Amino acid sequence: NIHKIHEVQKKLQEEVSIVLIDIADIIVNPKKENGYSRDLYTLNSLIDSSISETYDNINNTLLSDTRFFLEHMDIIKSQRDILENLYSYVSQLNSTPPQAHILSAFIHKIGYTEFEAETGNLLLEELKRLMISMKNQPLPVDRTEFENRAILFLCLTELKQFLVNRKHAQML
């Protein structure tokens, strides 16, 4: 039951990353037809089938494996929620300034990088560097600019928890 469970957790992570990368692409091409919707539905359907399968088998499973499983699913559900939060925010952007392009590059980097020992920590440092850099930029010229910036900063908030979550799911 360990290969089965690891394959499933691997596939869920891969689906989370797919939606994350869709988000990065939306920042750069807001109006391009994109796969966010389809990809989120696929991930939601896999989260549901995975949990339903686990519930079906509580009677016949080492409660040990059932625990490792449902606790891992809670992290995936948390990532799915953060994806939805990011999508809401990026779907509000009015413009793609250089800092938005940098954010998008950083989200791509996250989506494509396999987590190894130091990966979460590196990415968290890089995120902190982007927060400091966005904060230390020229003040906004207008209201539209002020708002676009605030959206980008709210993205960094969500991304910090995403990276904490991805690190947690790897530590185990």
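When you see a residue number, it is the position in the sequence shown, counting from 1.
Undergrad: Using only C-alpha atoms and the B-factors in the entry, which stretch averages higher, 20-28 or 6-14?
TA: If you average the C-alpha B-factors of 20-28 and of 6-14, the larger mean comes out for 6-14.
Undergrad: Regarding 119-127 and 63-71, which shows the higher C-alpha temperature factor on average in the entry?
TA: If you average the C-alpha B-factors of 119-127 and of 63-71, the larger mean comes out for 63-71.
Undergrad: Looking at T42, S50, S104, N34, which has the highest Cα B-factor in the entry?
TA: Of the candidates given, the C-alpha B-factor peaks at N34.
Undergrad: Rank-wise, by C-alpha B-factor, drop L46 into the lowest, middle or highest third of its chain.
TA: Tercile = middle for this residue's CA B-factor.
Undergrad: Select lowest, middle or highest to describe the third in which the CA B-factor of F146 falls within its chain in this entry.
TA: Within its chain, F146 is a middle-third residue by C-alpha B-factor, going by the deposited values.
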